[PDB]
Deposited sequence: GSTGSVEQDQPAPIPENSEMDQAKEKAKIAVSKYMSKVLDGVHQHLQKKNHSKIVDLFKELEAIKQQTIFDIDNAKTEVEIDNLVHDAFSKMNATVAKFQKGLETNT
């Protein structure tokens, strides 16, 4: 009844997982807290995608997760300063 919109949800969920890997690579300790925080954002974004009703809510949810994940890595980096 509602394919295509179910593919969009499925690709967005995967993209959120795939991005979390990417933002971990090149990052090299409060890093375990970095893991946990990113995980929290990913879980919360995939839960909200599962409830999205349009393609713009889905896309907004993805790019917001992307934004939050880069931000979290920014605080982490700033925090390795002395």
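- Gaps without C-alpha coordinates occur at 1-15, 44-51, 106-107, with positions taken along the deposited sequence from 1.
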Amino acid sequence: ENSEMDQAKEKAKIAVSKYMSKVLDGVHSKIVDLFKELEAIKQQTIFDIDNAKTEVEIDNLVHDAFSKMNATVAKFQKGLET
From here on, numbers count along this sequence of modelled residues.
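- Stretches compared: 5-13, 19-27. Higher mean C-alpha B-factor in the entry: 19-27.
- Ranked within its chain, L38 lands in the middle third, by CA B factor from the PDB record.
- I49: CA B factor lies in the middle third for its chain, per the PDB record.
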